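Listed next as structure tokens is one chain, alone, in the form deposited in one PDB entry.
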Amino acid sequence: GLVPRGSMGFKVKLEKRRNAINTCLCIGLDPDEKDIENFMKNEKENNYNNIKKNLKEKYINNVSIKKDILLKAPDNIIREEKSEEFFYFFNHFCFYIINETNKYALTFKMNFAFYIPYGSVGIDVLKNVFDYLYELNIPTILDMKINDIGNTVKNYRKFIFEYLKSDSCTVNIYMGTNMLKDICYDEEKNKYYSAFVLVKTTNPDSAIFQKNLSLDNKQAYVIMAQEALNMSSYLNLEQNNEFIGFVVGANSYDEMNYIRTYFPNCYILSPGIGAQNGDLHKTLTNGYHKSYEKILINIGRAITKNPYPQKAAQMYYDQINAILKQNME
């Protein structure tokens, strides 16, 4: 009755991890330029103690890109490999955050926009980040909020699900729900994949379209949720241990309550705690499911911009679990 890692659908992988670790913390890894620079400065000042720790981990030997560089001595990089210095410290920052926080994480979410602004270099880092997480067997989301016509979105499907080997991604279906057939399904290989569609977002004017637009007396966010679920049904995702879930922001308490009430077994991804000031008690109570992999609480900057990310992650893990315990009593 045993399945090897990589050989099961996201639904099963998430359920096993939640059973093991007893949380719904999703740790966001969105490293900005200041983060990377700060890491390099701190490492330079302390003889690279965190990099030396990364270098001890076995799975670092199993990453795809420029392992020759990543495994070098840090002082060798700086003196002899100056054109690789940014690559090195960028990739070592992510490995550091992952090494420090992974024991608390149901899943990691990496937002693509943080890995693209330097050109090809960050995309090598991103690939290595997905390879590393694959080796540790931690569930992954690529947050890229993709949208386009079907012929074009197949390319993202290939990047996200074949090249990165991500378990899931985020998608904006405003263009049309039919794009999902080219994202959550590969007709050539007969493979199924999971995604979270945008339902209610955390930006301060999210209401302008998601709530102001309606059809009869349902607001756009409700219609969009229903359409996404209808597509999941058509594609038979849940039969292949995959799903289409919902992004619902951690500050949209009324919408969270509605979505959970009206779609009782939906998978919800909820960003907005920490940096965006969302209310964790309210969000987690309104989105609660007894299978709490169905209510992922994403925390990015509040962990990654803390000088002690392991302790910041532990604190959120403990705070989530305390609220989970109340909901379970």
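Numbering starts at 1 and follows the sequence shown. Rigid core: the largest C-alpha set superposing within 1.5 Å between the two forms. Shifts are known only where both forms have a C-alpha.
Just so it is clear, the following notes concern the form deposited in another entry, a form of the same protein that is not shown.
No residue of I98, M224, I78, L235 other than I78 has its CA displaced by 2 Å or more between the shown form and the other one when the core is superposed.
Taking 2 Å as the criterion, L284 counts as shifted between the shown form and the other one: its C-alpha moves by at least this amount when the rigid core is aligned. The distance between the CA atoms of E100 and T285 is at least 3 Å shorter in that other deposited form than in the form shown here. Relative to this form, the distance between the C-alpha atoms of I27 and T283 is increased by at least 3 angstroms in that other deposited form.
Listed in sequence order, the runs of at least 3 residues with C-alpha movement of 2 Å or more between the shown form and the other one, after fitting the core, are 75-80, 283-287.
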